[PDB]
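The numbering of the sequence shown is this note's numbering, which starts it at 1 and goes up by one. For every residue, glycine included, the Cβ atom is placed at its ideal position computed from N, Cα and C. All remarks here apply to the structure that follows.
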Amino acid sequence: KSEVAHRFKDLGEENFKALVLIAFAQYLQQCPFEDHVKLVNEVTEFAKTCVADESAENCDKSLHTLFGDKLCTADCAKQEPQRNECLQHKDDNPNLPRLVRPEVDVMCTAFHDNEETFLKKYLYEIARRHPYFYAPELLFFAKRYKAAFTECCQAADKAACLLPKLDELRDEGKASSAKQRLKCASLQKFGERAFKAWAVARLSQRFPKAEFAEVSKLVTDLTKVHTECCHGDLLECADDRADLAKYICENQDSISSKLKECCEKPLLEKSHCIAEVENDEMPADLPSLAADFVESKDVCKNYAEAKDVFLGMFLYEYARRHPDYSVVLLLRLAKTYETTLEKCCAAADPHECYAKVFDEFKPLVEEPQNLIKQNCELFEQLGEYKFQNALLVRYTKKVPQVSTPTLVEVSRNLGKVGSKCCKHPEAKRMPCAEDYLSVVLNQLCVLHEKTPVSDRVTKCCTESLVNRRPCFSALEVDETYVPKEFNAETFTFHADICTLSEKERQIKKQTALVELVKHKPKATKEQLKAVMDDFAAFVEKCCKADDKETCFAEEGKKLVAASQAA
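Rendered as structure tokens:
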């Protein structure tokens, strides 16, 4: 009886307005801002009228009916739910302007003036450029953003205060968005059972003491919340997240030993602290699992008595006991335990078919461990950027047909796993690294689905979720790729490079590295580094030059032609 009233009371007006703004921006993206504010301001004024009597105007419409109708103020021609669907139009790289951040006081001025116009714009600008951003999490970033301007716009050194805060949020925000973009992709492209299994593994790691009935409780709730979020039901998502959080904090001695740290915090901070909480220590001693999963004459019938459940806490039992395994690995191990029993009890004698099942795991366990140890050592000597450059040539040769911008971003995010995970002890490195790889590889997956150009990317992306990273790291040089036409002002460089500093300077160099590798796809690592290093000395001293742009121009093609050859 009026859903708009129901969510307006549960969420309250501020989270209400912020959420529908986010919903509108994630559905329109290209539409301007004070249009969306009109539309959300109107939607909220009608809602107040609905709480005042839930049997009033068209207060009975569904949220999608209401919100979809408001937006249509183009292909709006269909009825609910299928209008909602046509959601299938969310642009994952809309080519709106890049988000330009001014300096530490023309932003302070606009914030100190009309400050929550300033904050509705922050929401709108993230929302439209991250159309799957976990919406209640975005309220939390908004709150942290606000606290950053509150406290440092009045500090003595405002830039010494705000900028290291505005930048940590940018890093958290990019990581958040990518995290959520994978949770949606699984639900939307591989179904809820894919998402359930991942949820089982992750929560089983993190609440090792919980019994299976509790984690499965938690899993269905978390599946409910992210299903709603990934399908536009932003208000219901926010409400159920907040319910799940209070439910978690009540039943606290029943799940884990360190939620208490944050079950005492305001809603947004609380649910954000949950979802990032440390795993608590697993029980002191716990049996092997061969006793219950391979040796017992109970299990082939059990795999026929409770297929998904029995799989479910084999997963729960292996995960609970292996915080050092990535989620993808745990998932790989259990889906190959499943494959095993799918055709073994199908044979004459079930048990002698499966004795395999725990030793089959070791090379599946070996290979990621080998990879991370290996890729860390390279990072541990190259450092980020040089590492990034190694991955650049590697992945560019792998999929030379993909967009150069995509290659560049995907590869430096790949390089970022070095500086995040290798600082960890090797018992902690593996979930850290392979699950972060999974997120970054999904970014390349969805970016590629838009303007597909390489079917080997398509194959790994569409084939599996859990098998993306091994599928990807198993490819090498295309051999089928015809070297791209040589264009000389794919290089050149202009003197603007000297002002556009540190990081964007690396982006430009790394871009040139990509279309260098695209042009000479068979050319040694040593050679590509040879020529890239001469770029880094060519930019450095041309920047320290009184060129009149000239340095870059004439020592340009003299290091464009001379650095051709290879």
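Following the DSSP letters along the chain, one finds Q82 inside the alpha helix (DSSP H) bounded by residues 82-85. Scanning the stretch 304-373 for uninterrupted alpha helix (DSSP H) segments of 4 residues or longer gives 307-320, 327-342, 350-353, listed from N- to C-terminal end.
Using a Cβ distance threshold of 8 Å, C50 and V4 count as a contacting pair.
With respect to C376, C432 sits apart: the two C-beta atoms are not nearer than 8 Å.
Listed in chain order, the non-local C-beta contacts of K70 below 6 Å within the same chain comprise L39, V43, local neighbours out to five positions each way being set aside. Separation of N467 and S326 (C-alpha to C-alpha, rounded to the nearest whole angstrom) is 13 Å.
The continuous alpha helix (DSSP H) containing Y247 extends over residues 234-250. Distance from the Cα of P405 is smallest, within the candidate group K518, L87, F111, for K518. The beta carbon of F387 lies closer than 6 Å to those of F379, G415, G418 in the same chain, with the five residues before and after it left out. The beta carbon of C461 is closer than 6 Å to those of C445 in its chain, skipping five residues each way along the sequence. Pairing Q30 with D91, the inter-Cα distance amounts to about 10 Å. Residue environment for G312: buried (at least 16 other C-beta atoms within 10 angstroms of its C-beta). DSSP assignment within the stretch 76-158 yields the following whole alpha helix (DSSP H) runs of 4 residues or more, N-terminal first: 82-85, 106-113, 115-129, 135-152. Note on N487: under 16 other CB atoms within 10 angstroms of its CB, so exposed under the neighbour-count rule.
Between the stretch 139-155 and the stretch 184-193 there are fewer than three C-beta pairs closer than 8 Å, too few to call the two in contact.
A565 and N389 have their C-alpha atoms roughly 21 Å apart.
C422: not part of any alpha helix (DSSP H); DSSP gives it neither H nor E. Of the candidates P32, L330, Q401, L330 places its Cα closest to the Cα of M430. In the three-state scheme derived from DSSP, where H, G and I count as helix and E and B as strand, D280 is classed as coil. Counting C-beta pairs with one atom in each stretch, the stretch 196-205 and the stretch 316-326 have three or more that are closer than 8 Å, which means they touch. In the pairwise beta carbon analysis, the stretch 225-244 is classified as touching the stretch 1-17: at least three pairs are separated by under 8 Å. Cβ-Cβ separation between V439 and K143: approximately 24 Å, too far for a contact (criterion under 8 Å).
Taking one beta carbon from each stretch, the stretch 205-222 and the stretch 248-265 have 3 or more pairs nearer than 8 Å; the two touch. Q527 and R456 have their C-alpha atoms spaced approximately 26 Å apart. Per DSSP, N389 is one residue of the alpha helix (DSSP H) stretching across 386-398. Sequence-distant Cβ neighbours of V328 in its own chain, meaning closer than 7 Å and more than five residues away, are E434, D435, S438, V466, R469.
Assignment of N302 by DSSP, reduced to helix, strand and coil, places it in the helix class. Straight through space, the alpha carbons of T220 and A185 are spaced by roughly 18 Å. In terms of Cα proximity to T336, the closest of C345, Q510, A348, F361 is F361.
Within the same chain, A25, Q29 come within 6 Å of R128 by CB-CB distance, once the 5 residues on both sides are set aside. Annotated as proximal: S271 and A245, with beta-carbon spacing under 8 Å. With respect to the 8 Å criterion, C543 and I507 are not classified as neighbours on the basis of their beta carbons.
Classified as exposed, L99 has fewer than 16 neighbouring CB atoms from the shown chains inside 10 Å of its CB. CA-to-CA, the gap between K558 and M532 works out to about 15 Å.
From the listed residues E352, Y481, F133, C249, the smallest Cα separation to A23 is found for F133. Residue environment: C76 is assigned as exposed (fewer than 16 neighbouring CB atoms within 10 Å of its CB, all protein chains considered).
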